[PDB]
């Protein structure tokens, strides 16, 4: 059974944990609980193959910018998350994307751009802007809501397919 080491990165409060827990436990927490370090394992079927997802939820607080480099190295695929509500967190995806590429010494890095908090009505980031940023990186883009579970499966399923394709 193939294991897949996934890492969820992004600004604090964009929904990395809400997304992951919606994946692992089918529940939705609407509370504030800034993460420091959280690792999850769960089995998932993808294109017929049962595989093992090992997900690391990272801290978006910049108070933890030092443990970042080490976990980015071991990780095989990355979910770069931003909230459609926060423009800063959208522009900061670049900061995270360059930080990952330094430790992986390549640009064929398995990555998926994720737009969370799609339920809310105050959408400051347009689909087209995000598709443009994804085409700019040559990676997929996927809109999600941890509240309603929209595209939560799709986001992780697509990261795994990126790993398999890059694995060749």
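Positions refer to the first chain, counted from 1.
Enquirer: Out of 42 to 50 and 103 to 111, which stretch has the higher average CA B-factor listed in the record?
Expert: According to the PDB entry, the answer is 103 to 111.
Enquirer: Mind pulling up the entry and telling me whether 121 to 129 or 139 to 147 has the higher mean Cα temperature factor?
Expert: Between 121 to 129 and 139 to 147, it is 121 to 129.
Enquirer: Can you tell me which third, lowest, middle or highest, the CA B-factor of residue 84 falls into for its chain?
Expert: Highest third of the chain for residue 84's C-alpha B-factor.
Enquirer: Going by the recorded CA B-factors, say which third of the chain residue 3 sits in, lowest, middle or highest.
Expert: Lowest third of the chain for residue 3's C-alpha B-factor.
Enquirer: Looking at the temperature factor on the CA atom of residue 90, which third of the chain's modelled residues does it land in?
Expert: Tercile = highest for this residue's CA B-factor.
Enquirer: So where's residue 35 on the chain's Cα temperature factor ranking, which third?
Expert: For residue 35, whose C-alpha B-factor we compare with every modelled residue in the chain, the answer is the lowest third.
Enquirer: Using the B-factor values recorded in the entry, state whether the Cα atom of residue 58 falls in the lowest, middle or highest third among the modelled residues of its chain.
Expert: For residue 58, whose C-alpha B-factor we compare with every modelled residue in the chain, the answer is the lowest third.
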